[PDB]
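Listed here are the chains, written in short residue letters.
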Amino acid sequence: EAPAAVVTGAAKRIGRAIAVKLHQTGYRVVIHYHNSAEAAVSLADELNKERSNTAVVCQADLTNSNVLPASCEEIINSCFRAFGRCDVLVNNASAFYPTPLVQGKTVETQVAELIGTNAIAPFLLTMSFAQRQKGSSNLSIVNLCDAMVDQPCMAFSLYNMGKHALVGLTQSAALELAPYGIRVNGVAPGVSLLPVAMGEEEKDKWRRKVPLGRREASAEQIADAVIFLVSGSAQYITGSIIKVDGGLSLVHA
Amino acid sequence: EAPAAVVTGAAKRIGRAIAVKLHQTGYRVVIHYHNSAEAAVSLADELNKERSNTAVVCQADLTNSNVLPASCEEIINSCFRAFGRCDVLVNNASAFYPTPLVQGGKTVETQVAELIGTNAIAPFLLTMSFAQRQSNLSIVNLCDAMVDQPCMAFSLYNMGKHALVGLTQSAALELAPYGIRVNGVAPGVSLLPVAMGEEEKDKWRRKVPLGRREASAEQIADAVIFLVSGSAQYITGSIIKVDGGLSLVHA
Amino acid sequence: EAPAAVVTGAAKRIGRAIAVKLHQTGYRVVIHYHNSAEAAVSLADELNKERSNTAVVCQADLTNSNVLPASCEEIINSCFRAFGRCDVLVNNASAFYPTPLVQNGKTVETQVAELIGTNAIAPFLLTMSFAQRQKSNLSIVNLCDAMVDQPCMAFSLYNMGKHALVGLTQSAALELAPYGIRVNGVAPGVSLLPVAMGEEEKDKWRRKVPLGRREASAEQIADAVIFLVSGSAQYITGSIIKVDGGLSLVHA
Amino acid sequence: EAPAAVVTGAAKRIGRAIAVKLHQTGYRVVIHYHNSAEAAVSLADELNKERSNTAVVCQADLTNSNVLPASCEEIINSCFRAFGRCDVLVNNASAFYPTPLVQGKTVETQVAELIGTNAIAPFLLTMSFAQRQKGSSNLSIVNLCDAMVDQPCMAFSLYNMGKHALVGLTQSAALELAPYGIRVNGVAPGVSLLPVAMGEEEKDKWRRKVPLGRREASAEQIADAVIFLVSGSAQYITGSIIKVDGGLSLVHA
Ligand SMILES: NC(=O)c1ccc[n+]([C@@H]2O[C@H](COP(=O)([O-])OP(=O)(O)OC[C@H]3O[C@@H](n4cnc5c(N)ncnc54)[C@H](OP(=O)(O)O)[C@@H]3O)[C@@H](O)[C@H]2O)c1
Ligand SMILES: NC(=O)c1ccc[n+]([C@@H]2O[C@H](COP(=O)([O-])OP(=O)(O)OC[C@H]3O[C@@H](n4cnc5c(N)ncnc54)[C@H](OP(=O)(O)O)[C@@H]3O)[C@@H](O)[C@H]2O)c1
Ligand SMILES: NC(=O)c1ccc[n+]([C@@H]2O[C@H](COP(=O)([O-])OP(=O)(O)OC[C@H]3O[C@@H](n4cnc5c(N)ncnc54)[C@H](OP(=O)(O)O)[C@@H]3O)[C@@H](O)[C@H]2O)c1
Ligand SMILES: NC(=O)c1ccc[n+]([C@@H]2O[C@H](COP(=O)([O-])OP(=O)(O)OC[C@H]3O[C@@H](n4cnc5c(N)ncnc54)[C@H](OP(=O)(O)O)[C@@H]3O)[C@@H](O)[C@H]2O)c1
Ligand SMILES: Nc1cc(SCc2ccccc2)nc(N)n1
Ligand SMILES: Nc1cc(SCc2ccccc2)nc(N)n1
Ligand SMILES: Nc1cc(SCc2ccccc2)nc(N)n1
Ligand SMILES: Nc1cc(SCc2ccccc2)nc(N)n1
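The record lists X-ray crystallography as the method behind this PDB entry and 1.700 Å as its resolution.

Asks: So what exactly am I meant to see when it comes to the overall build of chain B here?
Replies: Helix and strand counts for chain B come out as seven helices and seven strands. The linear arrangement of helices and strands in chain B, starting from the amino end, is β-α-β-α-β-α-β-α-β-α-β-α-α-β. Here the C-alpha atoms of chain B give a radius of gyration of 17 Å, agreeing with the 18 Å that 2.2 N^0.38 yields for 251 residues. For chain B, the C-alpha atoms occupy an extent of roughly 55 × 40 × 40 Å along the three principal directions. Working note: accessible area of chain B is about 8900 Å², and carbon and sulfur atoms make up 49% of it. Chain B carries 21 positive and 22 negative side-chain charges, and their two centres are separated by 4 Å.

Asks: Mind showing me how you'd approach the site of ligand 2 here?
Replies: Residue and element names in this part refer to chain B. Around ligand 2 lies a shell of 24 residues, among which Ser36, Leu62, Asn92, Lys161 and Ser190 are the nearest. The separation between an oxygen atom of ligand 2 and a polar main-chain atom of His34 is 2.9 Å. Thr63 has a polar side-chain atom sitting 3.3 Å from a nitrogen atom of ligand 2. Within the residue set of the shell around ligand 2, elements represented by two or more residues are α1 (13-24), β2 (28-33) and α5 (155-175). Classifying every residue of the shell around ligand 2 gives 11 nonpolar, 10 polar and three charged.

Asks: Teacher, can you tell me more about the site of ligand 1 here?
Replies: Residue and element names in this part refer to chain A. Of all residues adjacent to ligand 1, which total 24 residues, the nearest are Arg13, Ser36, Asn92, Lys163 and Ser192. Within the side chain of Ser36, an N or O atom sits 2.6 Å from an oxygen atom of ligand 1. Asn92 places a main-chain nitrogen or oxygen 2.8 Å from an oxygen atom of ligand 1. In isolation ligand 1 exposes 900 Å². Once the protein is present, 85% of that is buried. Counting residues per element, the ones that place at least two in the shell around ligand 1 are α1 (13-24), β2 (28-33) and α5 (157-177). A breakdown of the residues in the shell around ligand 1 according to their chemical character gives 11 nonpolar, 10 polar and three charged.

Asks: Any chance you could explain the environment of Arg133 of chain B here in plain terms?
Replies: With respect to the secondary-structure elements, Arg133 of chain B resides in the loop between α4 (108-132) and β5 (137-142). Polar side-chain contacts of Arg133 of chain B include one of 2.5 Å to the side chain of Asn77 of chain B.

Asks: Even after reading the chapter, I still don't get helix α4 (residues 107-132) of chain A, so can you show me in this structure?
Replies: Working note: α-helix, 3.6 residues per turn, so residues spaced by three or four point in the same direction. Its maximal kink placed at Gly116 of chain A, α4 of chain A deviates by approximately 65 degrees. Of all 26 residues in α4 of chain A, 23 are buried, a share of seventy percent or more.

Asks: Quick question: what am I supposed to make of the pattern of salt bridges here?
Replies: It is possible for side chains of opposite charge to pair when their charged atoms get near one another. Tallied over the entire structure, the rule returns 39 salt bridges over all chains. Each member of the salt-bridge network shares a partner with another, and the members are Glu199, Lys202, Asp203, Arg206 and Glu215 of chain C.

Thresholds applied
Residues numbered from 1 in each chain as written, not as in the entry; some residues may be left out. Chains lettered and ligands numbered in written order. Heavy atoms only, no water. Helix = DSSP H or I, 4+ residues; strand = E, 2+ residues; numbered from the N terminus. Rg over C-alpha atoms; globule rule 2.2 N^0.38 Å. Areas by Shrake-Rupley, 256 points an atom, 1.4 Å probe, with all protein chains shown as cover. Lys, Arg positive; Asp, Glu negative; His and termini not counted. Charge placed at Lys NZ, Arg CZ, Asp CG, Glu CD. Near = heavy atom within 4 Å. Polar contact = N/O pair within 3.5 Å; in protein donor to acceptor, adjacent residues only side chain to side chain. Nonpolar A, V, L, I, M, F, W, Y, C, P; charged D, E, K, R; others polar. Bend = angle between axes of the 7 residues up to and from the residue. Buried < 20%, exposed > 50% of the residue type's maximum accessible area, 1.4 Å probe, protein only. Salt bridge = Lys/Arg side-chain N within 4 Å of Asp/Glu carboxyl O.

Written as structure tokens, this is what we have:
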């Protein structure tokens, strides 16, 4: 029987690339999304045309709130409902925007979005993933981290806090879930897919910083590291975060 | 004239030792507390006996909520009101307890609010208010030398402390142009929990390479005092372990 | 045509498993060895039985000395002479023994030479020679140590060598990126234990490992090397992959 | 009676400021030097003018060789000869120059000088320091590290290797010497005193990168962190490396 994977924020960009590569490797996939319903359905249609009944979509907001735990339980339940199992969880979904310390979202919304998506939802999804594992096995979680966590973007404190918290989770969860045979790793992009609304000049400013090829990672390149970590070739690997950054983090100011 | 400092969770233990040393150094102090009003006032009385009108108290819950930003704004405002200035912020207050990932009291979302609130969100909001309201200005965040070798089933706590490292670095960068330095002190084992039994205490003590004992609260405060001093005027984004080598010790 | 790899200290244990997995992946291999000539030759015979003319052996001492740069140049040259190319270098060979700060036959300068030479200087000189011969998926993989920041008592020179190797991995990734040469690391925690180590001591190490209370096989370490030299790692440079079963996360 | 300190490479620059500040704190000092004999003797003169018989010079090459252990032993011996005790060792002396990987001194002498000064000499000095401790007391070692070790300068491999090895030594020696009450820490400058050979435009380019003040650290600012680490206010601190970098290491490419 084919294993099954949940990928959060999988409608487009890195999340889609991960869903696609997992699908190509023989996984059934839950394509979680928030707003990008058309994109998500379009992806699921493509994947189901390749192999029938191997992809479903699952809508949820991952902003922190008192219902977030129920929402995360439901995402995992959706994988079991569709496929009867849940072998892999990929925490990809992420809010990303500045929160300057000095000067229409309230600061409490910002906290709920940036810390919820990047850290609390991963934690709750990890809880639910583990709790459901009830009656060979290759169970794992991959968290999408950030190679620049220690050289952060100016004015991105809450975003960076959430990514740092995700490193914490990756390590704490690896330790705690090891006895259940669930590995927990991370993949840390440098610059991959630039924002759709970023101008070309600004894109190039980033590209030129990258030692290896002076270009951003393809979405596939990021997906490759994920696929490695979920594979049998990584069965002794847990609590590791693999940078996929073309040397960007090694470059001084 | 004298500089002024805010210390969160200053009524007891490490926070109390920090407030005391900052006061001995010549600071006026705001002693923040949540539940420990008696101890907060007793400390303020002691410091005020030494130098009149140099210590005040400030109550607040630092759990994340809809009202936390206003609470944090008021803590900073209390310092300006009492003393006309705020030169130093010490983010010491902290919730600490386990949050197992798997189940065999508090809801998980209350746990998130308390652990991520006290250890990360409140420090962020306080940092915001401190900066907005502005010489040797600095912030010191009480971190945790064991962040990368965490205690089993403490994922939320550890996440909060990791977030606090991120805040420390991000705020150091962003606040450098304003001349506000932002650093951390990372204890290993200092004052053991009051509810911990003596046998467990000795088990932790024996792990510590340097003297096989826990750090006094004074020894933690010493690192804080260095970081806020003129001797650290070029230091920002730095986290000083004060752990007697505990973090270097393998399983 | 088939790519070629140099693996240092490839006669036995982890280096052997790396050489074998590379071979299985389609590489021709230079099996470097110091003292284990019989094991090196037996491996080369095995590999050439599988595919003729796909394995050769290369003897060299990688202790630091005046002649080490020449020795390292010759190891790289051996790959070119045998196979006409050198696509992968794996820096695996390593001296490992205690060097207490306060006090067997060795002088301290010999201990420096052996520990810093094998773990850091020889990898640097090999990296220089590898790069200089580059006139495509070229990469270098350094065998690091996941416990580099929680070191074993009285292993200062060893640990200094392994820290130096992290610095090399990073510096060489940056410098060699314009040549399209990737440089990465694999950091085992506990993998193959010494055969003579008593089982009681072995089991002490095993029980520390969160994931399965066992050491890594050599093959598991090799798997990470194979990923890093592959087309699935084309954007990965300056990264050190821990393969430690969570051992480095475990507090004292 | 007064404690005694050895500072390597103490004739000029950072090492000189360290020796001066230790002396102002009440230490007697061994001013180690290699080529800067005139400056070393001058500094000893100034300190002895302040308090007679509180400073001596000690000449040594700290390049790696078969005689390096003897030379290191002799430095420590010189502190005991002069002052009857050795409480503090500051490993400051450092060779610093590029060693490109792709194509003066032979590569073997570059290894000897860069790895010798930055790593092997510290190690041998640490051995000799610990061994000589015959046996209020506040023994410690401070290693001058580099805040940019993970964001190194292009074509400085051997230098960066030596400084990485020095981090390892700091950690290993902290662990091993803790039972003897010897603390072992580091101070990691970012940009402090710029090379005398560096041109003015280039100096200003480095200054511009520093978030805190857009200026290099003074030697006295670096010495202040050393003074802290050797003091009674750092009694529980061992195996710690304190960055003194004005935020430079936090700044992305
Ligand atoms: N792109 C890069 O260069 C880069 C660099 C470093 C790290 N990363 C990390 O890699 C991952 C993927 O990056 P990316 O650029 O592909 O991500 P992205 O496009 O910025 O966001 C991915 C998805 O996150 C989902 N999301 C945002 N807010 C959400 C919410 N409140 N609830 C539920 N889902 C929400 C969105 O889903 P809908 O569209 O369905 O609303 C969105 O499509 C992220 O974790 C990111 O931080 C990326
Ligand atoms: N003790 C150690 O060995 C150790 C080790 C590593 C790190 N640290 C860090 O060092 C700092 C001091 O440690 P400690 O042991 O002295 O701390 P602690 O006694 O556990 O807590 C200090 C204070 O935090 C305040 N606090 C807790 N929850 C709060 C809330 N919801 N709102 C506002 N305040 C709240 C409490 O104030 P009230 O009493 O007034 O309610 C408490 O007295 C903490 O940041 C801690 O994580 C300590
Ligand atoms: N095994 C582990 O648990 C573990 C843990 C952490 C890191 N690692 C790292 O992983 C790598 C493989 O480990 P391993 O246990 O397989 O290594 P190992 O058996 O201790 O040594 C590998 C080979 O290194 C070669 N070597 C030693 N001294 C040499 C010298 N002077 N010149 C040339 N070669 C020399 C020897 O070759 P000859 O036999 O031909 O003389 C030896 O067989 C090493 O880099 C090690 O540090 C291993
Ligand atoms: N300056 C910076 O911005 C900066 C940045 C990061 C880290 N650091 C570190 O801080 C420390 C001090 O920096 P600095 O700039 O003051 O150093 P420096 O001027 O470059 O060198 C200090 C001294 O090292 C001695 N030295 C060089 N080679 C030697 C050898 N072969 N044997 C014995 N001694 C030798 C020289 O003594 P003689 O003059 O007597 O020959 C020299 O004066 C160094 O460890 C450096 O790596 C400095
Ligand atoms: N860290 C990220 C990045 C992105 S878009 C990638 C990017 C944005 C700005 C500058 C350079 C590259 N989206 C998320 N959710 N998280
Ligand atoms: N990290 C901490 C510790 C403490 S109590 C110290 C302690 C607890 C458990 C084992 C050893 C030592 N309080 C807070 N807020 N944060
Ligand atoms: N880190 C190593 C280990 C070994 S032998 C394996 C071993 C593992 C655990 C304890 C003692 C011995 N060889 C090298 N070169 N490097
Ligand atoms: N790391 C160092 C630096 C220096 S001179 C300071 C400098 C050099 C290059 C760029 C900017 C500043 N000397 C030694 N021994 N070690």
